[PDB]
C-alpha cells in the first residue's frame with residue numbers, strides 16, 4: 001500500500017508551497033517607492049548683492 | 001508570472017525619465033541674457049582743444 005500513502009503526502013507538500021509562493025509574490029509587488037518630479041524652474045524675481 | 005512583474009518595473013522607469021525631461025527643458029528655457037540697444041547718438045555740444 002506504499003504508493004497510496006506516498007502519493008498523498010506529495011500532493012499536500014506541493015499545495016503548501018504554491019500558496020506560499022503567492023503570498024511572497026504579492027508582497028513583493030507594490031513594494032516600489034519611485035520619485036516625484038520637481039516643478040518647473042522657479043522664476044527669478046531678483047538677483048543682487050551687498051557688502 | 002515573469003511578464004507581469006517585468007511590465008511594472010518598465011512603466012515606472014519611463015514615467016520617472018519623462019518628469020526629469022520636463023524639469024530640464026523648462027530650466028533650459030528663460031536662460032537667455034541678450035542685449036540692450038544703445039541710445040541714439042549723443043549730440044555734440046562742442047569739439048575743441050588746448051595746449
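Chains as they are written, first to last, in the deposited numbering: chain H, 1 to 51; chain A, 1 to 51.
Where is the CB? At the ideal position from N, CA and C, for every residue including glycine.
For residue i, the nearest candidate out of the options (CA to CA)
i                    : options          : result
residue 5 (chain A)  : H:41, H:48, H:30 : H:30
residue 12 (chain A) : H:3, H:22, H:33  : H:33
Query raised in the report: With a cut-off of 8 Å, do at least 3 Cβ pairs link the stretch 31-41 of chain H to the stretch 17-24 of chain A?
Result: With the cut-off at 8 Å, the stretch 31-41 of chain H and the stretch 17-24 of chain A touch.
Query raised in the report: Of the residues that make up the stretch 2-19 of chain A, which ones have a beta carbon closer than 9 Å to any beta carbon in chain H?
Result: Those residues of the stretch 2-19 of chain A that come within reach of chain H (Cβ to Cβ, closer than 9 Å) are 4, 5, 8, 9, 12, 15, 16, 18, 19.
Query - Contacting positions in the stretch 33-45 of chain H - beta carbon closer than 7 Å to chain A - result: Residues 34, 35, 37, 38, 40, 41.
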